[PDB]
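Notes to accompany the following structure.
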Amino acid sequence: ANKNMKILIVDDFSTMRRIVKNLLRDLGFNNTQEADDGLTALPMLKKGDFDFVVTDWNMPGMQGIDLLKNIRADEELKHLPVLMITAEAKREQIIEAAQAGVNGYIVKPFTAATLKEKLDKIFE
Ligand SMILES: [Mg+2]
């Protein structure tokens with residue numbers, strides 16, 4: 001589990017993107033880039049050669065479940081594991097997201113400890 005998979009962090013909230021960049025940094029992961037909406041993650045995704053996606057749900061460009069679908073449907077990208085960060089903790093929301101192919105889930109707030117527990121287990 002490389003402290004160096006290249007990770008895309010998607011969220012319409014810059015402070016959120018950076019609270020996340022640092023807990024990842026605390027964890028041994030530095031290689032990170034950001035995107036503020038799914039509409040602007042995909043073309044990053046499409047040729048950036050990433051290894052892992054962490055994305056929010058609530059985004060207005062392209063909501064996060066939609067990005068996940070475009071990923072699952074792009075043949076070059078559907079092998080990517082996606083951790084989803086959540087805003088609104090509902091069992092009807094999670095179901096729909098597992099149904100769309102998400103690898104794991106996490107609920108805000110979260111800590112660098114709930115985070116690794118979530119990591120050790122996607123690559124699972
Ligand atoms: Mg959001």
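The residues of the chain are indexed from 1 along the displayed sequence. Indexing begins at 1, ligand by ligand and atom by atom, following the structure's order.
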Check whether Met5 and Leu83 end up in the same hydrophobic cluster, where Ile, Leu, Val, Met, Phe, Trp and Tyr are linked by side-chain heavy atoms less than 4.5 Å apart. yes
Do any of the N, O or S atoms of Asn58 sit under 2.8 Å from the Mg ion (ligand 1)?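 Yes, within the cut-off.
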So, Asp56 and the Mg ion (ligand 1): N/O/S under 2.8 Å, yes or no? yes
Can you tell me which N/O/S atom of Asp12 has the shortest distance to the Mg ion (ligand 1)?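 Atom name returned: OD1.
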For the side chain of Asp51 and the backbone of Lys6, is there at least one donor-acceptor N/O pair under 3.5 Å apart?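 Confirmed, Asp51 side chain pairs with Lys6 backbone.
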Report yes or no: does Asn22 contribute a side-chain atom to a donor-acceptor pair with the main-chain N or O of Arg25 at less than 3.5 Å?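 The answer is no, because no donor-acceptor pair under 3.5 Å joins these two groups.
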For the residue pair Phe123 and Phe52, is the inter-centroid distance of their aromatic rings smaller than 6.0 Å? yes
